[PDB]
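So the structure is just underneath, and the comments pick up after that.
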Amino acid sequence: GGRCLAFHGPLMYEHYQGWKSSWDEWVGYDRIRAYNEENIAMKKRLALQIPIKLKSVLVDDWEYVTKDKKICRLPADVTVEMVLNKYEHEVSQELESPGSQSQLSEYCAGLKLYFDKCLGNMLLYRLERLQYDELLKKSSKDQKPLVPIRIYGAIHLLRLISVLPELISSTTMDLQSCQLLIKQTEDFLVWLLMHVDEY
Amino acid sequence: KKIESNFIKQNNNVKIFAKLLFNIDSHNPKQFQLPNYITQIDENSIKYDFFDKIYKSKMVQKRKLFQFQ
Amino acid sequence: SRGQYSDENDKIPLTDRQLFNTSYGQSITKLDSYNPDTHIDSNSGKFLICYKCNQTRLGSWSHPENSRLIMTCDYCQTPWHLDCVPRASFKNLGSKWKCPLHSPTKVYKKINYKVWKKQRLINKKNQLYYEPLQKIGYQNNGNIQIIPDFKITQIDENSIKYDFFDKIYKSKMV
C-alpha cells in the first residue's frame, strides 16, 4: 500500500530501484528513513480546578505543614496499600458501570508508579525535604531501593491529585482525557467526602 | 526525534498519562505554594489482567442480579 | 479520462484485448466452459480457498457441473465463491469488487441519521498526524488502523476488544 514506504532512502517503493538486479540485499540491521538522508545531503551540497465540595481540608493542612508537617512518626501506621485496595472492593462493585474496572485498576497501578518517583520533584516542603533526605540516608545503609509506599501516608495523596491537573495541561494532550481525569477526581472526592476519619 | 514513542513498548499498567513522565527532568522543582483562589511479557500480563477483570465482571453481574430482587 | 472522480473503489477499465478479442472459449466471464486457471493463483501456485466454505470446489473435467465459480478480491485478494455471497456473475467493469468483509464507506444507524462517509485517505506527510495516549472510552468515531483534524490514533487489538466488551456490557441492561 501507499507510494513511499522504504526502510532505506525512498525511491517510490510500492530492492534498490533504478539499478540492476545484481545489487540486492536483504540483511537484517537497523533501519532509518531520514528522508533519503536529507535527499543525499541536498544533492551532494548542490554538486480544570477541583469542585467546591470538601476543599476545607487543603486549607486545613496548608497551615499545619508549617511546623507540624501533618506527620510526626517515621514508620507511619497509616498506609496507602489498603486504601487503594479497598477501591476494588467497595466502589468498583457499586458505583462503576457494568463492565471493566480498568478505569480504576490501571489508574491505581499508574498512581502507585507515579508515587514511586514523585519525591524530589514538587509535592515537598523544606522540613519534610530534610525528613526525606534522612530517610534516604537511613535507607542507604543496606543498599536497598527506597520504597515510599511503606513509609508515607495518604495525607499527601489528595494534595497530589490536587496539584496534577494544572500540570496535566502543561503537555500536549487531548481534552476529553482531561475530562476523564476530572471525572476520576470528582469520583475520588465523593469517595472521600464521608470518609473523614482516614487521612 | 521524540523519546516517548519507544517508551511505551516496555512500560506497563501506565496508560492514561505517559507524556508527562518524559519531561520530569526538564522542569526544576520549587517550594510549596498554593493559589489564593483554592511485547511478550507485558502481553501475558495484560491477558492475565483481562481475565481478572472479566471474572470481576462475572461477580458484579451476580451482584446486580442479586440486588435486583 | 473525461475528468470524473475515481478513488481506489473504481476498477481500472479493461483493455480491448481482454474485452473484444478475448477468444470464444473465455468470453466476457468464466460463466462458460472449464477454467481451472481462476482457482489457482500465480503468486504461489496454491489453491484459492473460499472464505465462507473451506473448499476450492475445482470439480472435475468429466463432471464440470460440480465446479463452483470463485473470484479473488480487489483489496485483500481473499477468495470468495459466487454461491456463498448472493451474486450472479463476476465484476469486470465499474467499481472494484469489494468483498463483504471490509468496512463500508457509508453506514446507516437510525435513532434523523448520520452518514459517516469515511474520512478518505491522507498522503504520507505532516498532515497525517498520529497520537496514541488513551485506549478506553476514546469515542473516536472509527477511522482506525491496527498496529502490533483527520487524526488517526494507534489502536490495537486489546483496546478494540476491551471497548467492545465494555459497550456490550453497557447495552445489555437496556
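Naming works like this for the C-alpha cells: A, B, ... for the chains as they're shown, residue 1 at the start of each chain, ligands 1 onward in shown order.
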With a distance threshold of 8 Å and counting only C-alpha atoms, extract the residues of chain B near chain A and express them as a list in words.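 Filtering chain B at 8 Å from chain A with only C-alpha atoms gives residues 13, 14, 15, 16, 19, 20, 24, 28, 29, 30, 31, 32, 38, 53, 54, 56, 57, 60, 61 and 63 of chain B.
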Shell of 9 Å around residue 162 of chain C, only C-alpha atoms, local chain residues under 4 positions omitted, as a ChimeraX atom specification: /A:100 /B:50 /C:135-136,157-158,166-167
Writing out the chosen residues with N, CA, C and O atoms as a PDB file, in the first residue's frame:
```pdb
ATOM      1  N   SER A 100     -15.879  -3.325  32.661  1.00  0.00           N
ATOM      2  CA  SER A 100     -14.496  -3.467  33.095  1.00  0.00           C
ATOM      3  C   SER A 100     -14.176  -2.417  34.151  1.00  0.00           C
ATOM      4  O   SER A 100     -14.596  -1.260  34.034  1.00  0.00           O
TER       5      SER A 100
ATOM      6  N   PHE B  50      -6.828  -9.024  31.948  1.00  0.00           N
ATOM      7  CA  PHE B  50      -8.135  -9.059  31.300  1.00  0.00           C
ATOM      8  C   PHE B  50      -8.973 -10.204  31.860  1.00  0.00           C
ATOM      9  O   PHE B  50     -10.175 -10.041  32.110  1.00  0.00           O
TER      10      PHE B  50
ATOM     11  N   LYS C 135      -6.710   4.281  25.448  1.00  0.00           N
ATOM     12  CA  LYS C 135      -7.343   3.122  24.839  1.00  0.00           C
ATOM     13  C   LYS C 135      -8.805   2.955  25.227  1.00  0.00           C
ATOM     14  O   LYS C 135      -9.565   2.359  24.456  1.00  0.00           O
ATOM     15  N   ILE C 136      -9.216   3.461  26.388  1.00  0.00           N
ATOM     16  CA  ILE C 136     -10.516   3.153  26.978  1.00  0.00           C
ATOM     17  C   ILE C 136     -11.399   4.388  26.846  1.00  0.00           C
ATOM     18  O   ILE C 136     -10.998   5.492  27.243  1.00  0.00           O
ATOM     19  N   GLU C 157      -5.451  -4.385  19.070  1.00  0.00           N
ATOM     20  CA  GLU C 157      -6.474  -5.413  19.230  1.00  0.00           C
ATOM     21  C   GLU C 157      -7.068  -5.391  20.633  1.00  0.00           C
ATOM     22  O   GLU C 157      -8.294  -5.485  20.795  1.00  0.00           O
ATOM     23  N   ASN C 158      -6.211  -5.233  21.646  1.00  0.00           N
ATOM     24  CA  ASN C 158      -6.634  -5.305  23.042  1.00  0.00           C
ATOM     25  C   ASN C 158      -7.656  -4.219  23.358  1.00  0.00           C
ATOM     26  O   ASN C 158      -8.702  -4.495  23.954  1.00  0.00           O
ATOM     27  N   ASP C 166     -16.866  -3.586  26.816  1.00  0.00           N
ATOM     28  CA  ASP C 166     -17.420  -2.541  27.672  1.00  0.00           C
ATOM     29  C   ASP C 166     -18.764  -2.052  27.148  1.00  0.00           C
ATOM     30  O   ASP C 166     -19.725  -1.929  27.914  1.00  0.00           O
ATOM     31  N   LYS C 167     -18.864  -1.808  25.836  1.00  0.00           N
ATOM     32  CA  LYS C 167     -20.121  -1.315  25.282  1.00  0.00           C
ATOM     33  C   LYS C 167     -21.221  -2.367  25.357  1.00  0.00           C
ATOM     34  O   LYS C 167     -22.366  -2.031  25.685  1.00  0.00           O
TER      35      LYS C 167
END
```
Hey, list the chain C side of the contact with chain A: 12 Å cut-off, only C-alpha atoms, answer as a ChimeraX atom specification. /C:8,75-76,121-125,130-140,151,153,159,161-174
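Across B:46, B:34, B:21, B:59, the tightest approach to chain C is made by B:46 when counting only C-alpha atoms.
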Excluding segment 54-70 of chain C and any residue of its chain fewer than 5 positions from it, enumerate the residues within 6 Å of it, using only C-alpha atoms, and give them as a list in words.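 Using only C-alpha atoms, the neighbours found are residues 48, 49, 80, 81 and 82 of chain C.
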Every residue of segment 12-64 of chain B that DSSP places in helix (DSSP H, G or I), as a list in words: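 Output for segment 12-64 of chain B, helix (DSSP H, G or I) only: residues 19, 20, 21, 22, 41, 42, 43, 44, 45, 46, 47, 48, 49, 50, 51, 52, 53, 54, 55, 56, 57, 58, 59, 60, 61, 62, 63 and 64 of chain B.
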Could you write out the selected residues, including N, CA and C atoms, as a compact mmCIF listing (two decimals), in the first residue's frame?
```
# COMPACT_ATOMS: atom_id res chain seq x y z
N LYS B 19 2.95 11.16 28.61
CA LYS B 19 3.75 12.24 28.04
C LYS B 19 4.43 13.06 29.13
N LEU B 20 3.79 13.20 30.29
CA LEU B 20 4.37 13.99 31.38
C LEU B 20 5.52 13.27 32.08
N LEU B 21 5.66 11.95 31.88
CA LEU B 21 6.73 11.21 32.54
C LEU B 21 8.08 11.45 31.87
N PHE B 22 8.09 11.81 30.59
CA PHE B 22 9.35 12.07 29.90
C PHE B 22 10.03 13.32 30.43
N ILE B 41 6.15 -10.38 27.54
CA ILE B 41 5.83 -10.49 28.96
C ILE B 41 4.67 -9.57 29.32
N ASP B 42 4.69 -8.34 28.80
CA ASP B 42 3.59 -7.41 29.04
C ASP B 42 2.30 -7.90 28.40
N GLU B 43 2.40 -8.60 27.27
CA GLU B 43 1.22 -9.18 26.64
C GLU B 43 0.58 -10.23 27.54
N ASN B 44 1.39 -11.13 28.11
CA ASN B 44 0.86 -12.13 29.03
C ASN B 44 0.30 -11.47 30.29
N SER B 45 0.95 -10.40 30.75
CA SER B 45 0.46 -9.65 31.90
C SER B 45 -0.92 -9.06 31.63
N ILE B 46 -1.13 -8.51 30.44
CA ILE B 46 -2.42 -7.88 30.18
C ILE B 46 -3.49 -8.92 29.85
N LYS B 47 -3.11 -10.09 29.32
CA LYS B 47 -4.09 -11.18 29.22
C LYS B 47 -4.54 -11.65 30.59
N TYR B 48 -3.59 -11.83 31.52
CA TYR B 48 -3.96 -12.23 32.88
C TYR B 48 -4.82 -11.15 33.54
N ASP B 49 -4.47 -9.89 33.31
CA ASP B 49 -5.27 -8.77 33.81
C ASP B 49 -6.68 -8.83 33.26
N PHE B 50 -6.83 -9.02 31.95
CA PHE B 50 -8.14 -9.06 31.30
C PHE B 50 -8.97 -10.20 31.86
N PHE B 51 -8.34 -11.36 32.09
CA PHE B 51 -9.02 -12.49 32.72
C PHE B 51 -9.53 -12.12 34.10
N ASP B 52 -8.71 -11.41 34.88
CA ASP B 52 -9.15 -10.96 36.20
C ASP B 52 -10.34 -10.01 36.09
N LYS B 53 -10.32 -9.10 35.12
CA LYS B 53 -11.40 -8.12 35.04
C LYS B 53 -12.70 -8.74 34.55
N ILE B 54 -12.65 -9.74 33.67
CA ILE B 54 -13.92 -10.33 33.24
C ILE B 54 -14.45 -11.28 34.31
N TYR B 55 -13.55 -11.84 35.14
CA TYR B 55 -14.04 -12.55 36.32
C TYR B 55 -14.74 -11.60 37.28
N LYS B 56 -14.12 -10.44 37.54
CA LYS B 56 -14.78 -9.42 38.36
C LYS B 56 -16.10 -8.99 37.74
N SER B 57 -16.17 -8.93 36.41
CA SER B 57 -17.42 -8.63 35.73
C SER B 57 -18.46 -9.71 35.99
N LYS B 58 -18.02 -10.97 36.09
CA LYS B 58 -18.96 -12.04 36.41
C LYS B 58 -19.53 -11.89 37.82
N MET B 59 -18.67 -11.64 38.82
CA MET B 59 -19.24 -11.40 40.16
C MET B 59 -20.06 -10.11 40.25
N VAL B 60 -19.72 -9.05 39.51
CA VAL B 60 -20.61 -7.89 39.58
C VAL B 60 -21.92 -8.15 38.85
N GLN B 61 -21.93 -9.01 37.82
CA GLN B 61 -23.19 -9.41 37.20
C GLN B 61 -24.05 -10.18 38.19
N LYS B 62 -23.43 -11.11 38.93
CA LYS B 62 -24.13 -11.77 40.03
C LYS B 62 -24.61 -10.76 41.06
N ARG B 63 -23.84 -9.70 41.27
CA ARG B 63 -24.21 -8.68 42.24
C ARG B 63 -25.46 -7.92 41.82
N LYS B 64 -25.55 -7.50 40.54
CA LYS B 64 -26.76 -6.78 40.16
C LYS B 64 -27.96 -7.71 40.07
```
So how far away is atom CA of residue 50 of chain C from atom CA of residue 79 of chain C, in Å?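 Those two atoms sit 4.9 Å apart.
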Go ahead and compute the interatomic distance for atom CA of residue 152 of chain A and atom CA of residue 198 of chain A, in Å to one decimal.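 Value for the atom CA of residue 152 of chain A-atom CA of residue 198 of chain A distance: 13.9 Å.
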If you measure from atom CA of residue 85 of chain C to atom CA of residue 104 of chain C, what distance in Å do you get, rounded to one decimal?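 The value is 16.0 Å.
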Spatial neighbours of segment 21-28 of chain C, max dist 12 Å, only C-alpha atoms, sep filter under 3 positions, as a ChimeraX atom specification: /C:14-18,31-38,89-93
Under the rule that only C-alpha atoms are counted, which of B:39, B:11, B:26, B:33 is the nearest residue to chain C?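 Under the stated criterion, the closest residue is B:39.
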